[PDB]
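Peer 1: Mind having a look at this structure? Questions to follow.
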Amino acid sequence: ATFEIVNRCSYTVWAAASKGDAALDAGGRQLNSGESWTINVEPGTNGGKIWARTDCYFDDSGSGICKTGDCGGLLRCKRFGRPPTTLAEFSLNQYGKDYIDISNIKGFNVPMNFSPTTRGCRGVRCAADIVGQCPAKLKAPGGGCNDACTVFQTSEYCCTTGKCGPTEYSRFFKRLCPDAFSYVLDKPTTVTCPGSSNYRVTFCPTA
């Protein structure tokens with residue numbers, strides 16, 4: 001499937017794409033404001049994620065650091081990034097269907113729209129000013145709004161026993177972004193699309 005990743009923000013982001021144990025395509029690239037990067041993702045890819053990283057410095061060998069979403073210091077991500085990160089998540093060609101969602105379970109750094117570019121489903125978006133409204137205990141110095149599991153490391157926020165309810169913190173993400181997952185057991189906001197759809201992820205879609 002092809003994904004077009006578009007940076008509509010007024011600042012540079014470093015896009016990242018990984019399935020957690022491997023890069024998707026080149027795995028990461030710098031995107032200046034307006035730039036589009038088209039990647040190819042193998043059919044049957046399960047558990048892929050796309051995110052933006054902010055305020056990165058890399059050297060000639062593609063090693064360095066980002067203030068949000070850093071994936072072990074690499075330009076080309078092999079692993080998932082460090083919260084806070086707004087996430088586009090996808091499982092492709094799973095018994096004839098593609099499944100897509102946006103998640104705030106690992107926090108929020110950059111607003112995002114995640115839409116099919118082919119026919120037969122609708123897109124999802126979380127474009128509210130979560131960083132501006134972020135509760136004081138969740139604000140990350142780096143920039144961004146952390147999830148409560150990251151900050152506090154409790155069974156309730158991390159849903160580690162597999163039983164957890166919504167919280168004051170999860171309700172904050174859900175109030176501003178009803179179409180994104182706000183905690184591990186949130187009522188799913190997954191969208192089912194036809195198998196082998198194509199997609200665009202746009203950072204700062206309302207810019």
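Residues in the structure tokens are named by chain (A, B, ... in the order shown) and by number from 1 within that chain; ligands are numbered from 1 in the order shown.
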Show me, as a PyMOL selection string, the residues that have an atom within 8 Å of residue 121 of chain A when counting only C-alpha atoms, minus same-chain residues fewer than 4 positions from it.
Peer 2: chain A and resi 116+191-194
Peer 1: Report as a list in words all protein, DNA and RNA residues lying within 9 Å of segment 26-30 of chain A, evaluated on only C-alpha atoms, omitting residues in the same chain fewer than 5 positions from it.
Peer 2: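 Non-adjacent residues within range: residues 12, 13, 14, 15, 16, 17, 18, 35, 37, 39, 74, 75, 76, 77 and 78 of chain A.
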Peer 1: Restricting the calculation to only C-alpha atoms: of A:178, A:34, A:144, A:83, which residue gets closest to residue 9 of chain A?
Peer 2: A:34
Peer 1: Pick the closest to residue 88 of chain A from A:180, A:207, A:140, A:65: which is it, counting only C-alpha atoms?
Peer 2: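 Nearest to residue 88 of chain A: A:180.
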Peer 1: Give me, as a PyMOL selection string, all polymer residues having an atom no more than 12 Å from residue 167 of chain A, counting only C-alpha atoms and skipping those fewer than 4 positions away in the same chain.
Peer 2: chain A and resi 147-149+154+156-159+171-175+182-186
Peer 1: Please run DSSP on the backbone and report, as a PDB file with C-alpha atoms, in the first residue's frame, all residues within chain A that come out as strand (DSSP E or B).
Peer 2:
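And here's out14.pdb as it stands now:
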```pdb
ATOM      1  CA  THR A   2       1.278   3.528  -0.558  1.00  0.00           C
ATOM      2  CA  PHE A   3       1.113   6.206   2.149  1.00  0.00           C
ATOM      3  CA  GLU A   4       1.745   9.851   1.281  1.00  0.00           C
ATOM      4  CA  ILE A   5       3.036  11.657   4.393  1.00  0.00           C
ATOM      5  CA  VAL A   6       2.533  15.463   4.176  1.00  0.00           C
ATOM      6  CA  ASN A   7       3.913  18.065   6.589  1.00  0.00           C
ATOM      7  CA  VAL A  13       9.148  17.540  11.346  1.00  0.00           C
ATOM      8  CA  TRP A  14      11.030  14.343  11.063  1.00  0.00           C
ATOM      9  CA  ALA A  15       8.540  11.699   9.966  1.00  0.00           C
ATOM     10  CA  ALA A  16       8.950   8.158  11.205  1.00  0.00           C
ATOM     11  CA  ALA A  17       7.436   4.829  10.073  1.00  0.00           C
ATOM     12  CA  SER A  18       8.073   1.503  11.866  1.00  0.00           C
ATOM     13  CA  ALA A  23      11.604   0.249   9.563  1.00  0.00           C
ATOM     14  CA  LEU A  24       8.721   0.694   7.095  1.00  0.00           C
ATOM     15  CA  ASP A  25      10.385   1.822   3.877  1.00  0.00           C
ATOM     16  CA  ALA A  26      13.325   4.079   4.755  1.00  0.00           C
ATOM     17  CA  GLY A  27      11.851   4.427   8.301  1.00  0.00           C
ATOM     18  CA  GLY A  28      12.344   8.193   8.645  1.00  0.00           C
ATOM     19  CA  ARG A  29      12.925  11.435   6.763  1.00  0.00           C
ATOM     20  CA  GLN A  30      13.088  15.167   7.365  1.00  0.00           C
ATOM     21  CA  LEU A  31       9.998  17.054   6.058  1.00  0.00           C
ATOM     22  CA  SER A  36       5.388  15.167   0.995  1.00  0.00           C
ATOM     23  CA  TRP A  37       7.122  11.796   1.354  1.00  0.00           C
ATOM     24  CA  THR A  38       5.606   8.753  -0.341  1.00  0.00           C
ATOM     25  CA  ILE A  39       6.378   5.435   1.185  1.00  0.00           C
ATOM     26  CA  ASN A  40       5.486   1.843   0.307  1.00  0.00           C
ATOM     27  CA  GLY A  48       2.544  -0.341  11.649  1.00  0.00           C
ATOM     28  CA  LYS A  49       2.799   3.209  13.062  1.00  0.00           C
ATOM     29  CA  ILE A  50       3.573   6.623  11.564  1.00  0.00           C
ATOM     30  CA  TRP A  51       4.435   9.675  13.729  1.00  0.00           C
ATOM     31  CA  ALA A  52       6.214  13.029  13.641  1.00  0.00           C
ATOM     32  CA  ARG A  53       9.298  13.924  15.663  1.00  0.00           C
ATOM     33  CA  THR A  54      10.037  17.525  16.651  1.00  0.00           C
ATOM     34  CA  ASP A  55      13.289  19.428  17.220  1.00  0.00           C
ATOM     35  CA  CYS A  56      15.729  16.864  15.962  1.00  0.00           C
ATOM     36  CA  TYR A  57      19.489  17.166  15.391  1.00  0.00           C
ATOM     37  CA  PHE A  58      21.196  14.460  13.357  1.00  0.00           C
ATOM     38  CA  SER A  63      22.474   9.708  14.507  1.00  0.00           C
ATOM     39  CA  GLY A  64      21.319  12.332  16.987  1.00  0.00           C
ATOM     40  CA  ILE A  65      18.296  13.159  19.150  1.00  0.00           C
ATOM     41  CA  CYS A  66      14.682  14.543  18.917  1.00  0.00           C
ATOM     42  CA  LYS A  67      12.669  16.260  21.702  1.00  0.00           C
ATOM     43  CA  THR A  68       9.583  14.206  20.952  1.00  0.00           C
ATOM     44  CA  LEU A  74      18.303   7.305  14.637  1.00  0.00           C
ATOM     45  CA  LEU A  87       0.133   7.966  16.374  1.00  0.00           C
ATOM     46  CA  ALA A  88      -1.274   6.846  13.106  1.00  0.00           C
ATOM     47  CA  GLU A  89      -1.753   3.072  13.477  1.00  0.00           C
ATOM     48  CA  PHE A  90      -2.647   0.548  10.816  1.00  0.00           C
ATOM     49  CA  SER A  91      -3.040  -3.158  10.221  1.00  0.00           C
ATOM     50  CA  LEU A  92      -3.224  -4.016   6.507  1.00  0.00           C
ATOM     51  CA  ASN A  93      -4.942  -6.940   4.633  1.00  0.00           C
ATOM     52  CA  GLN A  94      -6.234  -8.615   7.823  1.00  0.00           C
ATOM     53  CA  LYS A  97      -9.797  -5.533   5.441  1.00  0.00           C
ATOM     54  CA  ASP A  98      -7.470  -2.675   6.427  1.00  0.00           C
ATOM     55  CA  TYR A  99      -7.862  -1.208   9.980  1.00  0.00           C
ATOM     56  CA  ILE A 100      -6.727   2.379  10.752  1.00  0.00           C
ATOM     57  CA  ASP A 101      -6.938   4.642  13.823  1.00  0.00           C
ATOM     58  CA  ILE A 102      -5.299   7.637  15.477  1.00  0.00           C
ATOM     59  CA  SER A 103      -4.184   7.082  19.102  1.00  0.00           C
ATOM     60  CA  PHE A 108       0.221  14.001  21.661  1.00  0.00           C
ATOM     61  CA  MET A 112      -2.751  14.810  12.461  1.00  0.00           C
ATOM     62  CA  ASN A 113      -5.300  13.746   9.859  1.00  0.00           C
ATOM     63  CA  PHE A 114      -5.191  10.069   8.663  1.00  0.00           C
ATOM     64  CA  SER A 115      -7.386   9.532   5.503  1.00  0.00           C
ATOM     65  CA  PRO A 116      -7.758   6.943   2.714  1.00  0.00           C
ATOM     66  CA  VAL A 124      -9.978  10.251  11.275  1.00  0.00           C
ATOM     67  CA  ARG A 125      -8.344  13.401  12.628  1.00  0.00           C
ATOM     68  CA  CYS A 126      -7.082  14.777  15.976  1.00  0.00           C
ATOM     69  CA  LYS A 139       3.153  18.738  29.959  1.00  0.00           C
ATOM     70  CA  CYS A 145       1.417  16.419  26.146  1.00  0.00           C
ATOM     71  CA  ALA A 180      -8.616   9.089  18.761  1.00  0.00           C
ATOM     72  CA  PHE A 181      -8.043   6.355  21.361  1.00  0.00           C
ATOM     73  CA  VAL A 191     -12.089   2.575  10.876  1.00  0.00           C
ATOM     74  CA  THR A 192     -12.354  -0.480   8.589  1.00  0.00           C
ATOM     75  CA  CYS A 193     -11.337   0.118   5.026  1.00  0.00           C
ATOM     76  CA  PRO A 194     -11.143  -2.156   1.969  1.00  0.00           C
ATOM     77  CA  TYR A 199      -3.679   6.608   2.582  1.00  0.00           C
ATOM     78  CA  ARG A 200      -2.366  10.023   3.349  1.00  0.00           C
ATOM     79  CA  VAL A 201      -1.153  11.224   6.786  1.00  0.00           C
ATOM     80  CA  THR A 202      -1.040  14.997   7.079  1.00  0.00           C
ATOM     81  CA  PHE A 203       0.651  16.748   9.988  1.00  0.00           C
TER      82      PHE A 203
END
```
Peer 1: Could you pull out the residues in segment 4-194 of chain A that DSSP calls helix (DSSP H, G or I) from the backbone, as a PyMOL selection string?
Peer 2: chain A and resi 130-133+136-138+148-152+155-158+168-176
Peer 1: For the residues selected in the previous step, produce a file with C-alpha atoms as a PDB file, in the first residue's frame.
Peer 2:
```
ATOM      1  CA  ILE A 130      -3.859  19.489  23.034  1.00  0.00           C
ATOM      2  CA  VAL A 131      -0.401  20.864  23.784  1.00  0.00           C
ATOM      3  CA  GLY A 132      -1.850  24.344  24.610  1.00  0.00           C
ATOM      4  CA  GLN A 133      -4.644  22.923  26.868  1.00  0.00           C
ATOM      5  CA  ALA A 136       0.152  20.842  34.024  1.00  0.00           C
ATOM      6  CA  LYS A 137       1.154  17.392  35.270  1.00  0.00           C
ATOM      7  CA  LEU A 138       1.178  15.950  31.742  1.00  0.00           C
ATOM      8  CA  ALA A 148      -0.805   9.492  32.180  1.00  0.00           C
ATOM      9  CA  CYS A 149       0.676   5.954  31.877  1.00  0.00           C
ATOM     10  CA  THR A 150       4.026   7.459  30.760  1.00  0.00           C
ATOM     11  CA  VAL A 151       4.054  10.001  33.581  1.00  0.00           C
ATOM     12  CA  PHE A 152       2.708   8.021  36.537  1.00  0.00           C
ATOM     13  CA  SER A 155      -1.787  -0.175  36.770  1.00  0.00           C
ATOM     14  CA  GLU A 156      -4.886   2.006  36.264  1.00  0.00           C
ATOM     15  CA  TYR A 157      -3.349   4.396  33.712  1.00  0.00           C
ATOM     16  CA  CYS A 158      -1.322   1.626  31.919  1.00  0.00           C
ATOM     17  CA  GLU A 168      -9.439  12.417  34.492  1.00  0.00           C
ATOM     18  CA  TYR A 169      -6.414  12.389  32.185  1.00  0.00           C
ATOM     19  CA  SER A 170      -7.836  10.136  29.512  1.00  0.00           C
ATOM     20  CA  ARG A 171     -11.047  12.205  29.496  1.00  0.00           C
ATOM     21  CA  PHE A 172      -9.008  15.319  28.635  1.00  0.00           C
ATOM     22  CA  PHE A 173      -7.598  13.672  25.428  1.00  0.00           C
ATOM     23  CA  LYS A 174     -11.106  12.316  24.603  1.00  0.00           C
ATOM     24  CA  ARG A 175     -12.807  15.693  25.100  1.00  0.00           C
ATOM     25  CA  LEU A 176     -10.442  17.422  22.628  1.00  0.00           C
TER      26      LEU A 176
END
```
